[PDB]
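Single-structure report; data block below.
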Amino acid sequence: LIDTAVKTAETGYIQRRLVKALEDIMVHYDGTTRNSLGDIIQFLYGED
Amino acid sequence: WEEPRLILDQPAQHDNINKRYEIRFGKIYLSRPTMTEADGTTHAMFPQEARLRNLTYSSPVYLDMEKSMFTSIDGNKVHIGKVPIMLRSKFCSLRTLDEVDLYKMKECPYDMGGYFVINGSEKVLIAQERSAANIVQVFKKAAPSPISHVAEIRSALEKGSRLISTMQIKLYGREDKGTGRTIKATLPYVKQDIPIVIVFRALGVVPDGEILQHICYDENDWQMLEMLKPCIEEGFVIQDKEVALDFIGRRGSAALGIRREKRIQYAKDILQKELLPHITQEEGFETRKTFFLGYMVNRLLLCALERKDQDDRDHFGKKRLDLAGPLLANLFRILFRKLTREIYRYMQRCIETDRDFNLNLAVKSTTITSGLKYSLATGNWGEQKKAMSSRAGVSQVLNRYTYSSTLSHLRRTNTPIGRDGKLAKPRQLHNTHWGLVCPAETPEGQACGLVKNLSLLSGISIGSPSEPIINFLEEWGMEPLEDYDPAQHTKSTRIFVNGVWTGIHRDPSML
Amino acid sequence: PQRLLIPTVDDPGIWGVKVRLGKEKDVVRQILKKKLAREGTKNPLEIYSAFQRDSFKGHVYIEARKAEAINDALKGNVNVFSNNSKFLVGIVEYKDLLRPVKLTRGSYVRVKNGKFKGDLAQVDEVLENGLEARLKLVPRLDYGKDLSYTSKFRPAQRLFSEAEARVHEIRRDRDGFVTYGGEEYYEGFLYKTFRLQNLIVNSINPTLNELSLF
Amino acid sequence: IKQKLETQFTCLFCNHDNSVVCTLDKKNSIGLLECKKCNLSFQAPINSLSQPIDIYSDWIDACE
Amino acid sequence: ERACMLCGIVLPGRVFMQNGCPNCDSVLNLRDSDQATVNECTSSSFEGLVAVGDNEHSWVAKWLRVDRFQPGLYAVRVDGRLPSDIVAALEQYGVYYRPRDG
Amino acid sequence: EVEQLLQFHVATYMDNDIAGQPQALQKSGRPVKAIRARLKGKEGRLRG
Amino acid sequence: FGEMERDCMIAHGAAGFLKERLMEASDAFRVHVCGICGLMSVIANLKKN
DNA sequence: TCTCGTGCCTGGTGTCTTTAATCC
DNA sequence: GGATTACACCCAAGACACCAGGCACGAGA
RNA sequence: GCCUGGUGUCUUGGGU
Ligand SMILES: [Zn+2]
Ligand SMILES: [Zn+2]
Ligand SMILES: [Zn+2]
């Protein structure tokens, strides 16, 4: 009961930082994967 | 009687005539709870009226005060406030009556009391868990620290039971890092850590050979003796009492410029009182503190030598529960000083008029009455202006949803550690909880494992005077501390009474 | 001439000291008691004077020759901050520390007390002794309407109307002068005595409403 | 290495506060008090544990 | 407490009635007066409380022109002025009134 | 003393979490809600 | 409508729905800005136009 | 009828000393 | 030797400035 | 004869 009650907030914080790191990443019409600055993260999404 | 007299003075030159004004507090008397209408009429208050009309069920408290007037050419029952009465206690008007008349007062015979009534709302005090006072605990320290082991103690008096100060003994030096592995202590109201040997010398025992005879009781133990080696050499140049006491005073948070002729006499107070005050505070008894200090260092090194585990902070024998009694005394103490200073500040103006003060005009009962009411109503444990830093949640509205819930709520205990600090150690069900707190009953969520509930057959010690126990020990063969030598007593058992080393006995089995 | 009394390098020093707000007069008192009590003993308090200016909240000034005497004067005083906060005053600043510092008939003042608190009034005259001033004020009356007052439950301002008083609830004293409920009204204005300390004479700002009226 | 430290002590002679500088030479066990105002100097022995309050205390006793 | 308009000393008002002003009463005669007289020569309104311990060597006392008076509490500013009839009587006595009201 | 106090009030008006000095307090005893504290944390303008 | 519900609508790609929820269905407000300095310093009397 | 004392309301202004781990 | 970090949403009950000075009214002489 | 405003800040106890 302690573990479930404690470690739920540990993983809740993990998910929050992950979402903010990745939220602006979108597939564009040329197949590239880019963020809001237009930086290329992958030249083709999922490599396939 | 903790501060039994107020004293003023003026050296009359205006034919000098020292006129000390003195006020002495005497006997306490209690009256049954009384409702005083705006009319002025009074009657005995019973709880059912108190709930309905949002009143406070409380008893007026009267205190004898005595005036005296020293003059050298060279009162009665004043009312101090109202104290809320716990229902069904000995001072509640329901304790008598008897079953027939209980029904007429609209009181239910299944209601077992144990709670207060504040502005019509039923408030119960939650037992507060704290660490025991006057016990030595040894803990290990984390890797990025020059300290590896620490001994700690919070000293608290027996009378009243109240906190005084806290003291630590730290062992510096990491594993093959920290060079000289010496030991310094921490003293209340001194800014810097002071090596152990210096404080031994500062108490009146100066040659090395006596110092080591007070700590280690095994001349063969060369490992322990090697670890005390750097402590001797780092405090060698302090070779007598006077320069030791002055070395202390030059750090103790005072003012700049109190000179050696007096800076000693200021440090002698920091050693006589505040440092281990639970042993004694009268003069000419420094033999007990020196012997006790040696015990601490001995315990510190046993853990550092891996001959004894570090103490388990969760062992229930090292814990205490503060219930209604002790909690009210600590709050009443704070408020009674506040009332005292308002009397003192009022005398300095009312005596410049040279007019006999009518006493009843120098005791404002709102200080205690509003103080107790506010803290019991909100749970904020302290003066109202200091609501933060004070502990919250000590008083709570009594849950009356069902009968079982009332029983549980009156038997609840709280550990005030927080929600800050994850880990597990204060939250786990420790083995020593067996038979003392319930293994099943604990809240879900943030309080899980910190709020506990007393097992069905548990009880709480009310407290007992230690003085009859001392008399019994000396009558059956306990020998004083001045007669004790590790060469002669290489095998006898040490005897502790409330954490102070008081004697030694050679045949413990019969005792 | 006052100019011959200016301080010089031969005069004692003056230190300022921080004290609990509102306790400045008490500290000055306490210093005097200590000085007088120790006069002629082997350990006199070697201060000459001490004082506190209202304009300078939270400070006492103490005159002496040695700093140690300042510490001596304040030792044990519960109204003084324990921090070693005293400061030295320059000789050229001394007289300004002791600077002691209006009201004319026909001028305006603002009332500071009572139902007329905040109201603009003309100074009509002052008492012979010199304490209270007779003020001409727009009244705030009810003509006894609900009889069988405060500044929060007062009446609107309106010139006294003697025919309204005649109708509803009055002693004629002269041309245009009536005493109504034991107050005097002349040509519609209240004439009432106020302590000079109960009026404001400086930095008055007439309001929009007052510009419309006066 | 020597330690040059400013203090908040009052010079026992000129009475200027916050104008006493302490130079502690531990290599030779010699501590030095200096006044940034009237320019006086006072020397005293120091150990390894000493601090500006230790020699300033010795200076108060050296006068009285 | 009231402040003497002539010398600036601060005393309980009844003192002005009981003993007169300790600095001034040779000319002011407040001891043998009525309350109306005492209240015309002393003020309930004053500012700047001064402990004068050493009148004759205090610069503060010299500036306030209380250097020839007795140790005591004095006021920097005393509000009001002596009545013209009393000023006239003091002048008959060779005493020059310098108002202490600023 | 008076100029430093104007500096103080203008500072705690914008930020009342200045490290190393006591917080400005209301007469109720609780700290003043400065503008900086309005924007940070779970209940402030941005996250709340 | 908390931070975690915001993220779910992004994942669905329902950009239109998310805009409406947080404006028309809540605290939508009209402001005027100056085309030169970009501040909300415009004084707009709409009946006087 | 006058003076003194007490109570209520309004305005202005603070202070005796007394939870733990991480990186940058 | 310093702060900043520490799940989400929701329900409900339970609380609130102090002291000093001045003015007005009432009671007693 | 259309419009129509009832608080906040905490603390504590709970639900998933
Ligand atoms: Zn010097
Ligand atoms: Zn005089
Ligand atoms: Zn613009």
If you count the DSSP beta bridges with both ends in chain B, what percent of them are antiparallel, to the nearest 5?
95 percent
Taking a cut-off of 31 Å, what percent of all Cα-Cα pairs in chain C are separated by more than that?
49 percent
Between C:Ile47, C:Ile91, C:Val78, whose Cα lies farthest towards the positive end of the dipole of segment C:1-99 when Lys and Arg beta carbons carry +1 and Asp and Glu beta carbons carry -1, centred on the Cα centre?
C:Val78
When only alpha-carbon atoms are used, what values of Rg and Dmax, in angstrom, describe the protein assembly as shown?
38.7, 120
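Considering Cα pairs under 8 angstrom that are at least six residues apart, work out the relative contact order of segment C:1-99 and quote it in whole percent.
Computed over segment C:1-99, the figure is 41 percent.
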Label zone at B:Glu444 (point 7 Å along Cα-to-Cβ), backbone N below 18 Å, segment B:406-433:
none
What's the center-to-center distance, using Cα atoms, between segment A:6-48 and segment C:1-46 in Å?
75 Å
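May I ask you to list the trypsin sites (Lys or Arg not before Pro) in segment B:355-394 that are in a DSSP loop and have at most 14 other Cβ atoms within 10 Å of their Cβ?
B:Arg355
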Would you mind getting me the FRET efficiency between G:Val33 and C:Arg158? Use the beta-carbon distance for r and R0 = 60 Å, nearest 0.05.
0.75
Would you tell me the mean number of C-beta atoms belonging to other protein chains that fall within 10 Å of each C-beta in C:27-35, as a whole number?
4
Starting at the first residue of segment B:335-352, write each ³J(HN,Hα) from the Karplus equation 6.51 cos²θ - 1.76 cosθ + 1.60 with θ = phi - 60°, in whole Hz, x for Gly and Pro.
6, 5, 5, 4, 4, 4, 4, 6, 6, 4, 5, 7, 5, 5, 7, 6, 9, 5
In nm, to one decimal, how far is the modelled label at B:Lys273 from the one at D:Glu34, with both set 7 Å along Cα→Cβ?
4.4 nm
The answer for trypsin sites (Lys or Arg not before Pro) in segment C:1-60 that fall in a DSSP coil and have at most 13 neighbouring Cβ atoms within 10 Å is C:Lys42, C:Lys57
Pull up all non-local amide H partners of B:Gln137: gap of 5 or more, or a different chain, and H-to-H distance under 5 Å with H placed in the peptide plane.
B:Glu152
In sequence order, calculated HN-Hα J values of segment B:274-280 (Karplus, 6.51, -1.76, 1.60; Hz; x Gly/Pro):
6, 8, 6, x, 5, 6, 6
Measure out, as a whole number of angstrom, how far apart the alpha-carbon centroids of segment B:263-299 and segment C:48-97 sit.
41 Å
Which value at 222 nm does chain C reach when only helices count, each DSSP H run of 4 or more adding -39,500 (n - 2.57), with the total divided by all residues and rounded to the nearest 500 deg cm²/dmol?
-5000 deg cm²/dmol
Classify chain G as rounded, prolate or oblate from the Cα gyration tensor: take a ≥ b ≥ c as the square roots of its eigenvalues, call it rounded if a/c is under 1.5, otherwise prolate when a/b beats b/c and oblate if not.
prolate
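When only Cα pairs under 8 Å and 6 or more residues apart are kept, what is the percent relative contact order across chain E?
32 percent
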A student applying the Cα gyration tensor rule (rounded when a/c is under 1.5; otherwise prolate if a/b is larger than b/c, oblate if not) would label segment C:43-149 prolate
Rough spin-label spacing in nm, given labels placed 7 Å along Cα→Cβ, for D:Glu6 and A:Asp3:
5.9 nm
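Could you tell me the calculated FRET efficiency between B:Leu225 and A:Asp24, based on Cβ-Cβ distance and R0 = 56 angstrom, to the nearest 0.05?
Efficiency at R0 = 56 Å is approximately 0.25.
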Is the shape of chain B best called rounded, prolate or oblate, per the rule: a/c under 1.5 gives rounded, else a/b larger than b/c gives prolate, else oblate, with a ≥ b ≥ c the square roots of the Cα gyration tensor eigenvalues?
oblate
Would you mind computing, in nm to one decimal, how far apart the modelled labels at G:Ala25 and B:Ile495 are, each placed 7 Å from Cα along Cα→Cβ?
8.0 nm
Roughly how far apart, in whole Å, are the Cα centres of segment C:172-190 and segment F:9-26?
57 Å
Averaged across D:49-58, how many Cβ atoms of other chains sit within 10 Å of each residue's Cβ atom?
5
When segment C:103-214 is reduced to its Cα atoms, the Kirkwood hydrodynamic radius in Å:
14.9 Å
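Between the DSSP loop rule and a limit of at most 10 other Cβ atoms within 10 Å, which chymotrypsin sites (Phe, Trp or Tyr not before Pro) in segment B:312-415 are left?
B:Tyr401
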With a Cα-only, solvent-free Debye model of chain D, what are the log10 I(q)/I(0) values at q = 0.22, 0.23 Å⁻¹?
-0.83, -0.91
³J(HN,Hα), Karplus 6.51/-1.76/1.60, whole Hz, each residue of segment F:38-47, x for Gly, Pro
5, 9, 9, x, 3, 9, x, 4, 7, 7
For n ≥ 4 DSSP H runs only, could you compute -39500 (n - 2.57) per run for chain E, divide by its residues and tell me the 222 nm figure to the nearest 500?
-7000 deg cm²/dmol
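What FRET efficiency do you get for B:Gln428 and B:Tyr346 if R0 is 60 Å and r is their Cβ-Cβ distance, rounded to the nearest 0.05? Working shown, then result.
On the way: r = 54 Å, r/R0 = 0.89.
Once rounded, the FRET efficiency stands at 0.65.
Counting neighbours? That spans all protein chains shown, and the Cβs are built from the backbone with ideal geometry, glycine included. Read the figures in this text as sums done on the coordinates, not as results from a lab.
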